Amino acid sequence: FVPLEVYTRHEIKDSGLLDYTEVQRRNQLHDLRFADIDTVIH
Amino acid sequence: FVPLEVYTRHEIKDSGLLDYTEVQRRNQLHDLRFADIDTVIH
Amino acid sequence: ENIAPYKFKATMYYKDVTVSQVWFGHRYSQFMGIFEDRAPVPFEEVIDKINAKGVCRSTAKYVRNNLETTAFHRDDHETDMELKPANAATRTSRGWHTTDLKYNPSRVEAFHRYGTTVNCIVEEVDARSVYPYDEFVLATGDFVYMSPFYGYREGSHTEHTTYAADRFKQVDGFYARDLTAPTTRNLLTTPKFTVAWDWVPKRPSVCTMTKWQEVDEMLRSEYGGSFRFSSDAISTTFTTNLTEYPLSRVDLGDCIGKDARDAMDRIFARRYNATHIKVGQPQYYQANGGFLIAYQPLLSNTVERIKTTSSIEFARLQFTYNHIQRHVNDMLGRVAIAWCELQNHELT
Amino acid sequence: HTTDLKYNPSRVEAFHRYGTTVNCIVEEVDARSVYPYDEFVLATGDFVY
Amino acid sequence: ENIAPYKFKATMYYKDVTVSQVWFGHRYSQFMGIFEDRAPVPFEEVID
Amino acid sequence: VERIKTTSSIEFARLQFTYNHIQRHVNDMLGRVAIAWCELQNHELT
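Chains A, B, C, D, E and F supply the protein sequences, listed in that same order. Using the numbering used here, you'd call the opening residue of the first sequence number 2 and step up by one each time. Using the numbering used here, you'd call the opening residue of the second sequence number 2 and step up by one each time. Using the numbering used here, you'd call the opening residue of the third sequence number 10 and step up by one each time. Using the numbering used here, you'd call the opening residue of the fourth sequence number 12 and step up by one each time. Using the numbering used here, you'd call the opening residue of the fifth sequence number 4 and step up by one each time. Using the numbering used here, you'd call the opening residue of the sixth sequence number 723 and step up by one each time.
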């Protein structure tokens, strides 16, 4: 007998249309990617 | 043998108390439902 | 039953507008409010400026709270900013922004002072939709309340849109110069951004069924008024009604024929090149638990939606029990027949 | 809802102007709770303790 | 073991308050802040 | 008072049913075979 899954748990995770983890991981990288968070101005 | 599941994957999805997909789908329909997004005023 | 969403690529154009009000003390400075907003990039700005010359207009005109509002990147005149690559990060898609230093007002005395900041941004985003594909989502978390397949061509205007007619625009023969072949582009301007994606026909692009397994040899047999399809490659026995299942009843099932024919052709070439021949057209049956079986018989030379159970252990259990039952019954029949013959034989 | 056009101040000169807008809203929402049913949630995402 | 939550129906009453501050240029207008809030509807306002 | 935790897989129970059915039937048939063999030997002693 070989292992057999109708839906691997990766698919079951993926069938979710959105993902709080991924959305938060992308929407807080916003400052680093699209701005400078260190350069202070006076 | 008939198919038999203790918890159908719909239930397993539903046992989550909240849902990022549903919450976001409802909280961005807010403008359409409860306001006009097109009528510009001058 | 396919459950993974329909995934594709899209591009978001929007201008982060950031107004900040500052107070200027006698030895310090203090923010007293930071209004932020995501203005959309209008249509001709996407066509004539972003895609053509790789520049953005450094000013934002948009309707917010039922008002027409204009933002200038430093409260100065309108210019064209040279769109450039953004910083790099792990597991993030290509992005592009025109500024990276939020402008803030110069120091003055106790007066509060206001400072605008317009940052044009273009990102590539995965987009996902789920049946009935009435609206789709971006990885940023924002939504777009119109079907991914809405369009002017081919009667696509039958599909669902929730925004007015003007907000959507389809461009033919679009050429996409990266910002570092003709295409048709859907461009939508929701009150927060402008999303763009390559228009495609619906029926050939989605499917409510997924090729789950390919079986070189699955034996079909008739029993008690139903078909048993049994495979030892996966140790699984499905049961189906005698009559077929017309694909016309399957909602959105246009990939099934293509995938099945491709798989049968490839498997026939790989294994049954000369030892067997096809017999008739491929057939389709529906099994207990929702699995749809596409079956091509061989010969030796000599509308609705289908719900699929998440556990296959009924089928494997059926296969195991059937194998054991068949073998034990065969051996016990042989034992009984031998015993009978032995008695009839020792009567002498 | 009782309004659908966010009121904004009439045009004046360089002066900033402030505009209020009150929109009364009544919605029907599914609500869900989980054992031991100590607090429950609405589909809007808000909570009630 | 039941795992689906206990589901029922409820009604939310609230007032979206939206204060917006605008600047008025010599040829244009510009938002400079949009405070938003969800005020509650008091009791007798729900009943009467 | 307490709360009862339910496993998300029933395959132990179905496996138990399958094995029990097979065990019962095979044991019954083999018992019959053994008894018949015994009687045949006691019978051919003559």
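Yeah, the Cβ is synthetic: ideal placement off N, Cα and C, and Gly gets one too.
Quiz item: Can you name the residues of chain B whose CB is closer than 8 Å to the CB of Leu19 of chain A?
Solution: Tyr21, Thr22 and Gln25
Quiz item: Any C-beta of chain F sitting closer than 8 Å to the C-beta of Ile321 of chain C?
Solution: no
Exercise. Just the chain B side, please: which residues come within less than 7 Å of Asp15 of chain D by C-beta, in chain order?
Key: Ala36 and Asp37
Practice problem: Would you mind working out which of C:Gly124, C:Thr107, C:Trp348 and C:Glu118 sits nearest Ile130 of chain C, comparing C-alpha positions? | Solution: Considering only alpha carbons, the answer is C:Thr107.
Quiz item: So is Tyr60 of chain D in contact with chain E if we call contact Cβ pairs under 8 Å?
Solution: no
Exercise. Compare the C-beta of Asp41 of chain D against all C-beta atoms of chain E and say whether one is closer than 8 Å.
Key: yes
Practice problem: Using alpha carbons as the reference points, say which of A:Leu18, A:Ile38 and A:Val7 lies closest to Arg26 of chain B. | Solution: A:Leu18
Quiz item: According to DSSP, is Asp32 of chain A helix, strand or coil?
Solution: Helix.
Exercise. Find the nearest neighbour of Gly150 of chain C within the set C:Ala136, C:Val337, C:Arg162 and C:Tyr140, judged by alpha-carbon distance.
Key: C:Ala136
Self-check item: Beta carbon proximity, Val45 of chain D to chain B, threshold 8 Å
Solution: yes
Quiz prompt | Min CB distance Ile13 of chain A to chain B below 8 Å | solution = yes
Quiz item: When DSSP builds the beta bridges, which residues end up paired with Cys349 of chain C?
Solution: Partner(s): none; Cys349 of chain C has no beta bridge.
Quiz item: Do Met41 of chain C and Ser67 of chain C come within 8 Å of each other at the CB atom, strictly closer than that value?
Solution: no
Self-check item: Close beta carbons around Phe328 of chain C, own chain, < 7 Å, minus the five adjacent residues each side
Solution: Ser239, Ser244, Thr245 and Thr246
Quiz item: Is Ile130 of chain C helix, strand or coil by DSSP?
Solution: strand
Self-check item: Unbroken stretches of the beta strand (DSSP E), 3 residues or longer, contained in the region 154-188 of chain C
Solution: 177-183
Quiz item: Mind pulling the chain B residues with CB within less than 8 Å of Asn11 of chain C?
Solution: The premise fails here: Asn11 of chain C is roughly 14 Å from chain B at the closest Cβ pair, so nothing lies under 8 Å.
Quiz item: Candidates C:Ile346, C:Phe52, C:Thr198 and C:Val26: which alpha carbon is nearest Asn113 of chain C's?
Solution: Out of C:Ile346, C:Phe52, C:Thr198 and C:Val26, C:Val26 has the C-alpha closest to the C-alpha of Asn113 of chain C.
Exercise. Rounded to whole angstroms, what's the CA-CA distance from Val117 of chain C to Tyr22 of chain C? Just pull it up for me.
Key: 35 Å
Quiz item: Do you know whose CA, among C:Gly34, C:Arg229 and C:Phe158, lies nearest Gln292 of chain C's CA?
Solution: Nearest C-alpha to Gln292 of chain C: C:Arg229.
Quiz prompt | Interface positions of the region 244-257 of chain C facing chain A (Cβ-Cβ less than 8 Å), listed along the chain | solution = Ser244 and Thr245
Quiz item: Near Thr217 of chain C, which residues of its chain fall below 8 Å by C-beta distance, leaving aside the five closest residues on each side in sequence?
Solution: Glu10, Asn11, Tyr140, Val259, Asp260, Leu261, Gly262, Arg314 and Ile315
Quiz prompt | One or two residues paired with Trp105 of chain C in a DSSP bridge | solution = C:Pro94 and C:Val131
Quiz prompt | Beta-ladder partner(s) of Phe81 of chain C, from DSSP | solution = As a beta-bridge residue in DSSP terms, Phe81 of chain C pairs with C:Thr68.
Quiz item: Under 8 Å, do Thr199 of chain C and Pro94 of chain C count as touching if we go by C-beta distance?
Solution: no
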